[PDB]
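First up is the structure itself, then whatever we jot down about it.
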Amino acid sequence: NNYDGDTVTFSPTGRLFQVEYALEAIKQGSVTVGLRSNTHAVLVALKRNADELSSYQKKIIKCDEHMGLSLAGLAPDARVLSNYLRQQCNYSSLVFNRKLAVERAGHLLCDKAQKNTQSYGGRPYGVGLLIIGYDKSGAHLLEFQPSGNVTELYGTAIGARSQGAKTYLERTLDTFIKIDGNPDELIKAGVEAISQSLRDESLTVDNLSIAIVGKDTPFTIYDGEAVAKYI
Amino acid sequence: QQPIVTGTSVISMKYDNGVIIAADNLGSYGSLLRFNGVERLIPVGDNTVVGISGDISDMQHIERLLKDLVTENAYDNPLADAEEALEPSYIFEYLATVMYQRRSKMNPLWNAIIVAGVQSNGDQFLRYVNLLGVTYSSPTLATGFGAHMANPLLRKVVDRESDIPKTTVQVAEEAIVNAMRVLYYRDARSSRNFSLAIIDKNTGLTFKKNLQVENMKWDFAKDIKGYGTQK
């Protein structure tokens, strides 16, 4: 393959192989589930440890009390993109005194990611993001891919084996979208979804983390004994 | 650095269901009453009016900035006519940012600005910014010469926020019109021709152009003879 050496090269079929390989980085990452109702949006993340002596790596990052994200893949790229998103939300608040819409944040990430696909010398981001937020248009969930594609979804999963959780979410959409009064039941729906991506592993207070955001629910991360209720 | 063509006072007032703002139509050139059709109330959507005093060239620059802001807000925003329309508070914060940055570059926009509007929650918005970036709110706001003469009259109607629910649009409009008349009596850079805008949380923006100061009293001047002793 002579065409995979850089982002600025199309293959004879119009593929961008470096972008595809950066997506393979995401596919190697551990599963994250996102799902939302009309009132609440939830992230569920399986963390991985390096070994029995290591901590579990953080999968979820707060942007704002109205917004936050979960990562799969190359965590330093998620740090870069999270700092950029924090700066954009901050700028919107400082200059307009308005909460940045989640859709506009997603497009700002799309545009930042696209530049690395178009010009020499950089590289694509190696990280997929699930962004949840609540704004004047209600609950939102976005999936970011470092091709620069951003899609608004009721639910999705990214990372390894995530198609099992995605299939479960597809099967149960018409239930969980209605869960508007009851954030804990939406969390339980997400935890049941991510269980479909587990292989030879179980959820524990160590490896599970959850976030939720919503109408009167500032973005909050539950981890440790705070998730024992949902296991 | 030095204002050349200038607008004079903008005056404004909260009332029970909205805000009223008025400005005369004159561009003066020093003492020369040079330009007589200068509109100084800039509507921004259906919920906001920006009243500008001071340098007319900087006013025209601000009006351009506001049209651009509406265009940019519509980009990739299918709710730009709805819950993601510009609010008065967004427009004010943007203008105040620009004004203070310009001041800090020692290159002021030589203007005093009142942003009048109704928030989507129905709250009255009424806030002032000047060329220094100094901002304040009050139930009545007036720029320039109107600060010295119109504010006393409007405050006789709305002296405190608990007077706002007692104050009808009829009373407020009558007070604004009388204050414009007083300014025509006493401001040498005023015009009898003015524009008035009403922003009502129910009846929306009503923008009244080509109003004229009427019912002036001059007949007592017949009795004035000399300056002391001339019979």
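As shown in the structure tokens, the chain order sets the letters A, B, ...; within each chain, residues go from 1, and ligands are also counted from 1 in the order they appear.
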Next item on the list: Could you give me, as number ranges by chain, the residues within 7 Å of region 14-31 of chain B, counting only C-alpha atoms and dropping anything in the same chain fewer than 5 positions from it?
Entry: B: 4-7, 9, 36-41, 116-118, 124, 139-140, 164-169, 172, 189-191, 193-201
Next item on the list: Write out as JSON, numbers by chain which residues come within 8 Å of region 107-117 of chain A when counting only C-alpha atoms, dropping same-chain ones fewer than 3 positions away.
Entry: {"A": [7, 8, 19, 81, 85, 103, 104, 120, 122, 123, 124, 125, 144, 146, 147, 148, 149, 150]}
Check: Counting only C-alpha atoms, which residues from chain A have an atom at most 6 Å from any atom of chain B, and could you show them as a PyMOL selection string?
Finding: chain A and resi 95-97
Margin query: Which residues are near region 168-176 of chain A? Cut-off 7 Å, only C-alpha atoms, ignore same chain within fewer than 6 positions. Put them as a list in words.
Written below: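 In the requested form, the answer reads residues 37, 155, 186, 189 and 193 of chain A.
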Okay, now the selection with N, CA, C and O atoms, as an mmCIF file, in the first residue's frame?
```cif
data_model
loop_
_atom_site.group_PDB
_atom_site.id
_atom_site.type_symbol
_atom_site.label_atom_id
_atom_site.label_comp_id
_atom_site.auth_asym_id
_atom_site.auth_seq_id
_atom_site.Cartn_x
_atom_site.Cartn_y
_atom_site.Cartn_z
ATOM 1 N N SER A 37 -32.524 10.523 26.894
ATOM 2 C CA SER A 37 -33.943 10.777 26.782
ATOM 3 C C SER A 37 -34.154 12.200 26.264
ATOM 4 O O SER A 37 -33.270 12.783 25.632
ATOM 5 N N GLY A 155 -28.761 7.318 20.879
ATOM 6 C CA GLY A 155 -27.810 6.468 21.562
ATOM 7 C C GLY A 155 -26.767 5.983 20.589
ATOM 8 O O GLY A 155 -26.976 5.978 19.374
ATOM 9 N N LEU A 186 -32.584 5.575 33.278
ATOM 10 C CA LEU A 186 -31.798 5.770 32.064
ATOM 11 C C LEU A 186 -30.365 5.284 32.240
ATOM 12 O O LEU A 186 -29.795 4.659 31.337
ATOM 13 N N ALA A 189 -30.519 1.591 32.008
ATOM 14 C CA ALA A 189 -30.597 1.211 30.599
ATOM 15 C C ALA A 189 -29.234 1.253 29.917
ATOM 16 O O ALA A 189 -28.876 0.339 29.164
ATOM 17 N N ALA A 193 -27.004 -1.807 28.450
ATOM 18 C CA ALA A 193 -26.431 -1.755 27.107
ATOM 19 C C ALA A 193 -24.956 -2.143 27.091
ATOM 20 O O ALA A 193 -24.541 -3.005 26.312
#
```
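CA of residue 32 (chain B) lies 26.4 Å from CA of residue 64 (chain B).
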Next item on the list: Name the residues in contact with region 63-67 of chain A at a cut-off of 12 Å, using only C-alpha atoms, excluding same-chain residues fewer than 3 positions from it; report them as a ChimeraX atom specification.
Entry: /A:40-43,60,70,78-79,81-90,93,98-103,105-106,130-136,138-142,211-221
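For the pair CA of residue 151 (chain B) and CA of residue 59 (chain B), the interatomic distance is 22.9 Å.
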Check: So, counting only C-alpha atoms, which residue among A:198, A:46, A:127, A:157 is closest to residue 76 (chain A)?
Finding: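 Smallest separation from residue 76 (chain A) among the options: A:127.
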Next item on the list: Would you work out the distance separating CA of residue 212 (chain B) from CA of residue 147 (chain B), expressed in Å to one decimal?
Entry: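 Computed distance, CA of residue 212 (chain B) to CA of residue 147 (chain B), equals 20.9 Å.
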Margin query: Could you pull out the alpha helix (DSSP H) residues of region 43-147 of chain B, going by DSSP on the backbone, and write them as a VMD selection string?
Written below: chain B and resid 56 to 74 88 to 104 144 to 147
DSSP on the backbone, then: every residue of region 22-182 of chain B marked strand (DSSP E), written as a PDB file with N, CA, C and O atoms, in the first residue's frame.
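As written to disk, part13.pdb reads:
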```
ATOM      1  N   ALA B  22     -36.490  55.444  22.731  1.00  0.00           N
ATOM      2  CA  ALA B  22     -36.672  56.502  21.748  1.00  0.00           C
ATOM      3  C   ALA B  22     -35.364  57.248  21.523  1.00  0.00           C
ATOM      4  O   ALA B  22     -34.570  57.436  22.446  1.00  0.00           O
ATOM      5  N   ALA B  23     -35.157  57.675  20.279  1.00  0.00           N
ATOM      6  CA  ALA B  23     -34.035  58.520  19.893  1.00  0.00           C
ATOM      7  C   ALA B  23     -34.462  59.433  18.755  1.00  0.00           C
ATOM      8  O   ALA B  23     -35.270  59.038  17.913  1.00  0.00           O
ATOM      9  N   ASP B  24     -33.938  60.656  18.741  1.00  0.00           N
ATOM     10  CA  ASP B  24     -34.213  61.544  17.625  1.00  0.00           C
ATOM     11  C   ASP B  24     -33.357  61.200  16.402  1.00  0.00           C
ATOM     12  O   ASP B  24     -32.376  60.458  16.468  1.00  0.00           O
ATOM     13  N   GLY B  27     -28.363  63.867  12.846  1.00  0.00           N
ATOM     14  CA  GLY B  27     -26.916  63.940  12.860  1.00  0.00           C
ATOM     15  C   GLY B  27     -26.404  65.362  12.834  1.00  0.00           C
ATOM     16  O   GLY B  27     -26.441  66.019  11.794  1.00  0.00           O
ATOM     17  N   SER B  28     -25.925  65.852  13.968  1.00  0.00           N
ATOM     18  CA  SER B  28     -25.326  67.173  14.034  1.00  0.00           C
ATOM     19  C   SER B  28     -23.839  67.135  13.716  1.00  0.00           C
ATOM     20  O   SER B  28     -23.151  66.141  13.952  1.00  0.00           O
ATOM     21  N   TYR B  29     -23.347  68.251  13.185  1.00  0.00           N
ATOM     22  CA  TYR B  29     -21.968  68.400  12.728  1.00  0.00           C
ATOM     23  C   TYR B  29     -21.432  69.637  13.435  1.00  0.00           C
ATOM     24  O   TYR B  29     -21.475  70.747  12.901  1.00  0.00           O
ATOM     25  N   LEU B  32     -23.806  72.734  13.471  1.00  0.00           N
ATOM     26  CA  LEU B  32     -24.605  72.559  12.268  1.00  0.00           C
ATOM     27  C   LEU B  32     -25.489  71.320  12.383  1.00  0.00           C
ATOM     28  O   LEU B  32     -24.999  70.214  12.626  1.00  0.00           O
ATOM     29  N   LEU B  33     -26.793  71.520  12.215  1.00  0.00           N
ATOM     30  CA  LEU B  33     -27.791  70.451  12.256  1.00  0.00           C
ATOM     31  C   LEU B  33     -27.881  69.724  10.908  1.00  0.00           C
ATOM     32  O   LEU B  33     -28.906  69.710  10.232  1.00  0.00           O
ATOM     33  N   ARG B  34     -26.756  69.125  10.528  1.00  0.00           N
ATOM     34  CA  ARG B  34     -26.486  68.808   9.130  1.00  0.00           C
ATOM     35  C   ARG B  34     -27.418  67.736   8.567  1.00  0.00           C
ATOM     36  O   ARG B  34     -28.037  67.935   7.519  1.00  0.00           O
ATOM     37  N   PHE B  35     -27.525  66.592   9.237  1.00  0.00           N
ATOM     38  CA  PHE B  35     -28.243  65.431   8.719  1.00  0.00           C
ATOM     39  C   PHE B  35     -29.468  65.126   9.566  1.00  0.00           C
ATOM     40  O   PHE B  35     -29.354  64.918  10.776  1.00  0.00           O
ATOM     41  N   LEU B  41     -32.153  53.990  16.204  1.00  0.00           N
ATOM     42  CA  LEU B  41     -32.670  52.769  16.807  1.00  0.00           C
ATOM     43  C   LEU B  41     -32.543  51.626  15.810  1.00  0.00           C
ATOM     44  O   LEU B  41     -33.212  51.616  14.774  1.00  0.00           O
ATOM     45  N   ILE B  42     -31.687  50.665  16.131  1.00  0.00           N
ATOM     46  CA  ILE B  42     -31.450  49.498  15.290  1.00  0.00           C
ATOM     47  C   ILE B  42     -32.153  48.280  15.878  1.00  0.00           C
ATOM     48  O   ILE B  42     -31.684  47.713  16.873  1.00  0.00           O
ATOM     49  N   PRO B  43     -33.271  47.845  15.304  1.00  0.00           N
ATOM     50  CA  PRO B  43     -33.847  46.561  15.700  1.00  0.00           C
ATOM     51  C   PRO B  43     -32.964  45.386  15.319  1.00  0.00           C
ATOM     52  O   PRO B  43     -32.384  45.340  14.234  1.00  0.00           O
ATOM     53  N   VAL B  44     -32.865  44.432  16.237  1.00  0.00           N
ATOM     54  CA  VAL B  44     -32.129  43.196  16.032  1.00  0.00           C
ATOM     55  C   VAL B  44     -33.094  42.061  16.333  1.00  0.00           C
ATOM     56  O   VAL B  44     -33.426  41.813  17.497  1.00  0.00           O
ATOM     57  N   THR B  48     -35.288  42.740  20.284  1.00  0.00           N
ATOM     58  CA  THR B  48     -34.215  43.610  20.737  1.00  0.00           C
ATOM     59  C   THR B  48     -34.203  44.862  19.878  1.00  0.00           C
ATOM     60  O   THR B  48     -34.400  44.791  18.664  1.00  0.00           O
ATOM     61  N   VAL B  49     -33.963  46.007  20.510  1.00  0.00           N
ATOM     62  CA  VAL B  49     -33.606  47.231  19.809  1.00  0.00           C
ATOM     63  C   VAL B  49     -32.350  47.796  20.449  1.00  0.00           C
ATOM     64  O   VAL B  49     -32.232  47.852  21.678  1.00  0.00           O
ATOM     65  N   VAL B  50     -31.415  48.220  19.611  1.00  0.00           N
ATOM     66  CA  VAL B  50     -30.195  48.887  20.038  1.00  0.00           C
ATOM     67  C   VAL B  50     -30.291  50.367  19.706  1.00  0.00           C
ATOM     68  O   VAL B  50     -30.392  50.746  18.534  1.00  0.00           O
ATOM     69  N   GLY B  51     -30.294  51.198  20.743  1.00  0.00           N
ATOM     70  CA  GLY B  51     -30.248  52.635  20.584  1.00  0.00           C
ATOM     71  C   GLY B  51     -28.828  53.134  20.764  1.00  0.00           C
ATOM     72  O   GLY B  51     -28.169  52.823  21.756  1.00  0.00           O
ATOM     73  N   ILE B  52     -28.373  53.914  19.796  1.00  0.00           N
ATOM     74  CA  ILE B  52     -26.998  54.382  19.747  1.00  0.00           C
ATOM     75  C   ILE B  52     -26.977  55.902  19.725  1.00  0.00           C
ATOM     76  O   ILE B  52     -27.690  56.531  18.937  1.00  0.00           O
ATOM     77  N   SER B  53     -26.143  56.481  20.577  1.00  0.00           N
ATOM     78  CA  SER B  53     -25.792  57.886  20.547  1.00  0.00           C
ATOM     79  C   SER B  53     -24.301  58.024  20.283  1.00  0.00           C
ATOM     80  O   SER B  53     -23.541  57.056  20.335  1.00  0.00           O
ATOM     81  N   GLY B  54     -23.885  59.256  20.019  1.00  0.00           N
ATOM     82  CA  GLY B  54     -22.507  59.540  19.687  1.00  0.00           C
ATOM     83  C   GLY B  54     -22.180  59.470  18.211  1.00  0.00           C
ATOM     84  O   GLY B  54     -23.028  59.733  17.359  1.00  0.00           O
ATOM     85  N   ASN B 111     -19.310  56.005  21.374  1.00  0.00           N
ATOM     86  CA  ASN B 111     -20.744  55.807  21.435  1.00  0.00           C
ATOM     87  C   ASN B 111     -21.166  55.533  22.869  1.00  0.00           C
ATOM     88  O   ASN B 111     -20.389  55.028  23.679  1.00  0.00           O
ATOM     89  N   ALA B 112     -22.407  55.891  23.174  1.00  0.00           N
ATOM     90  CA  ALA B 112     -23.164  55.297  24.261  1.00  0.00           C
ATOM     91  C   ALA B 112     -24.324  54.490  23.700  1.00  0.00           C
ATOM     92  O   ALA B 112     -25.059  54.968  22.833  1.00  0.00           O
ATOM     93  N   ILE B 113     -24.469  53.266  24.188  1.00  0.00           N
ATOM     94  CA  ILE B 113     -25.403  52.292  23.646  1.00  0.00           C
ATOM     95  C   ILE B 113     -26.366  51.871  24.745  1.00  0.00           C
ATOM     96  O   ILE B 113     -25.943  51.573  25.867  1.00  0.00           O
ATOM     97  N   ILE B 114     -27.652  51.849  24.426  1.00  0.00           N
ATOM     98  CA  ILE B 114     -28.667  51.194  25.236  1.00  0.00           C
ATOM     99  C   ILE B 114     -29.202  50.019  24.434  1.00  0.00           C
ATOM    100  O   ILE B 114     -29.681  50.192  23.307  1.00  0.00           O
ATOM    101  N   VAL B 115     -29.136  48.833  25.018  1.00  0.00           N
ATOM    102  CA  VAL B 115     -29.805  47.654  24.491  1.00  0.00           C
ATOM    103  C   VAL B 115     -31.105  47.445  25.250  1.00  0.00           C
ATOM    104  O   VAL B 115     -31.106  47.210  26.462  1.00  0.00           O
ATOM    105  N   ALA B 116     -32.208  47.574  24.534  1.00  0.00           N
ATOM    106  CA  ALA B 116     -33.544  47.321  25.040  1.00  0.00           C
ATOM    107  C   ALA B 116     -34.095  46.043  24.434  1.00  0.00           C
ATOM    108  O   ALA B 116     -33.978  45.820  23.227  1.00  0.00           O
ATOM    109  N   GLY B 117     -34.707  45.210  25.262  1.00  0.00           N
ATOM    110  CA  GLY B 117     -35.365  44.044  24.713  1.00  0.00           C
ATOM    111  C   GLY B 117     -36.191  43.313  25.738  1.00  0.00           C
ATOM    112  O   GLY B 117     -36.270  43.697  26.907  1.00  0.00           O
ATOM    113  N   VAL B 118     -36.799  42.231  25.271  1.00  0.00           N
ATOM    114  CA  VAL B 118     -37.483  41.264  26.113  1.00  0.00           C
ATOM    115  C   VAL B 118     -36.835  39.905  25.906  1.00  0.00           C
ATOM    116  O   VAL B 118     -36.752  39.413  24.775  1.00  0.00           O
ATOM    117  N   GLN B 124     -37.890  41.864  31.015  1.00  0.00           N
ATOM    118  CA  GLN B 124     -37.380  43.078  30.398  1.00  0.00           C
ATOM    119  C   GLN B 124     -35.862  43.120  30.470  1.00  0.00           C
ATOM    120  O   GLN B 124     -35.276  42.905  31.532  1.00  0.00           O
ATOM    121  N   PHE B 125     -35.224  43.401  29.341  1.00  0.00           N
ATOM    122  CA  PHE B 125     -33.802  43.708  29.305  1.00  0.00           C
ATOM    123  C   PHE B 125     -33.597  45.181  28.985  1.00  0.00           C
ATOM    124  O   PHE B 125     -34.158  45.693  28.012  1.00  0.00           O
ATOM    125  N   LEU B 126     -32.809  45.864  29.808  1.00  0.00           N
ATOM    126  CA  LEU B 126     -32.490  47.264  29.552  1.00  0.00           C
ATOM    127  C   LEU B 126     -31.136  47.576  30.176  1.00  0.00           C
ATOM    128  O   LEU B 126     -31.033  47.703  31.398  1.00  0.00           O
ATOM    129  N   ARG B 127     -30.107  47.699  29.344  1.00  0.00           N
ATOM    130  CA  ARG B 127     -28.748  47.894  29.820  1.00  0.00           C
ATOM    131  C   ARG B 127     -27.993  48.871  28.929  1.00  0.00           C
ATOM    132  O   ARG B 127     -28.199  48.935  27.717  1.00  0.00           O
ATOM    133  N   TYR B 128     -27.122  49.639  29.574  1.00  0.00           N
ATOM    134  CA  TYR B 128     -26.295  50.670  28.970  1.00  0.00           C
ATOM    135  C   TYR B 128     -24.849  50.198  28.891  1.00  0.00           C
ATOM    136  O   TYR B 128     -24.364  49.507  29.788  1.00  0.00           O
ATOM    137  N   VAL B 129     -24.170  50.557  27.805  1.00  0.00           N
ATOM    138  CA  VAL B 129     -22.715  50.547  27.738  1.00  0.00           C
ATOM    139  C   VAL B 129     -22.239  51.793  27.006  1.00  0.00           C
ATOM    140  O   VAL B 129     -22.897  52.280  26.084  1.00  0.00           O
ATOM    141  N   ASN B 130     -21.095  52.319  27.425  1.00  0.00           N
ATOM    142  CA  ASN B 130     -20.448  53.414  26.714  1.00  0.00           C
ATOM    143  C   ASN B 130     -19.077  53.027  26.158  1.00  0.00           C
ATOM    144  O   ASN B 130     -18.614  51.892  26.271  1.00  0.00           O
ATOM    145  N   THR B 135     -20.832  49.549  32.098  1.00  0.00           N
ATOM    146  CA  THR B 135     -22.177  49.028  31.937  1.00  0.00           C
ATOM    147  C   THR B 135     -22.982  49.218  33.215  1.00  0.00           C
ATOM    148  O   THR B 135     -22.448  49.144  34.323  1.00  0.00           O
ATOM    149  N   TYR B 136     -24.276  49.471  33.045  1.00  0.00           N
ATOM    150  CA  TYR B 136     -25.214  49.459  34.155  1.00  0.00           C
ATOM    151  C   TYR B 136     -26.628  49.284  33.626  1.00  0.00           C
ATOM    152  O   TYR B 136     -26.929  49.590  32.471  1.00  0.00           O
ATOM    153  N   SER B 137     -27.485  48.777  34.500  1.00  0.00           N
ATOM    154  CA  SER B 137     -28.912  48.666  34.272  1.00  0.00           C
ATOM    155  C   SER B 137     -29.700  49.502  35.267  1.00  0.00           C
ATOM    156  O   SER B 137     -29.269  49.725  36.399  1.00  0.00           O
ATOM    157  N   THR B 140     -34.960  52.933  34.125  1.00  0.00           N
ATOM    158  CA  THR B 140     -34.914  53.961  33.107  1.00  0.00           C
ATOM    159  C   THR B 140     -33.453  54.173  32.759  1.00  0.00           C
ATOM    160  O   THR B 140     -32.590  54.160  33.637  1.00  0.00           O
ATOM    161  N   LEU B 141     -33.180  54.351  31.476  1.00  0.00           N
ATOM    162  CA  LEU B 141     -31.850  54.685  31.008  1.00  0.00           C
ATOM    163  C   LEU B 141     -31.947  55.788  29.979  1.00  0.00           C
ATOM    164  O   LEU B 141     -32.846  55.798  29.136  1.00  0.00           O
ATOM    165  N   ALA B 142     -31.008  56.710  30.059  1.00  0.00           N
ATOM    166  CA  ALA B 142     -30.884  57.768  29.084  1.00  0.00           C
ATOM    167  C   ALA B 142     -29.418  58.085  28.874  1.00  0.00           C
ATOM    168  O   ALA B 142     -28.623  58.042  29.814  1.00  0.00           O
TER     169      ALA B 142
END
```
Next item on the list: Identify, on the basis of only C-alpha atoms, every residue whose closest approach to residue 225 (chain A) does not exceed 10 Å; exclude the query and any residue fewer than 4 positions from it along the same chain; express the result as a list in words.
Entry: residues 204, 205, 206, 208, 229, 230 and 231 of chain A
